[PDB]
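Only one chain is shown below, in structure tokens, and it's the form deposited in one PDB entry.
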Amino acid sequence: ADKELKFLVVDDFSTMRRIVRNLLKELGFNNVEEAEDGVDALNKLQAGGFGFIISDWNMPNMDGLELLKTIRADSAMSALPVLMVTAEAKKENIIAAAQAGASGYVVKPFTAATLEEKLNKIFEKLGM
């Protein structure tokens, strides 16, 4: 994984975005942009050059599942890695995301070490 991979962090909580950005920083990933909800994220993804999306499951207007399905359906972004974030792991949520193409799932709060492990797992799973 290129340390310069461009990340999109999506969460309706500013503070949760700041945590994720700070965690990534710690790992050496400084290339991060932020979005507030699914539609905000799609707007930004339009400009191109993103490499990895970290999205919250629970967001207004367009939730994580919807954003993920829209990414998967788009010819230009369909392969982008998507890491889903939830405050509470639920079997049907996990199955629904997997089936929709999520690259992985992480329960918050999480440390830099957990994030790293999730990141490496996906890079490994996707041969990146």
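In case it trips you up, residue 1 is the first one in the sequence shown, and so on.
FYI, the form solved in complex with a partner chain isn't displayed, but the following is about it.
Scanning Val39, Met77, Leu27, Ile94 against its partner chain in the deposited bound form with a 4.5 Å heavy atom cut-off leaves one residue, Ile94. Residues of just one listed stretch (58-66, 27-35, 83-91, 41-49) have heavy atoms within 4.5 Å of its partner chain in the deposited bound form: 83-91.
Heavy atoms of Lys3 never reach within 4.5 Å of its partner chain in the deposited bound form, leaving it off the interface.
Although the partner is absent here, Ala102 is a contact residue: one of its heavy atoms lies within 4.5 angstroms of its partner chain in the deposited bound form. Contact annotation: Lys118 falls within 4.5 Å of its partner chain in the deposited bound form, judged by heavy atom distances.
Interface residue remark: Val106 is counted as part of the site for its partner chain in the deposited bound form, having a heavy atom within 4.5 Å.
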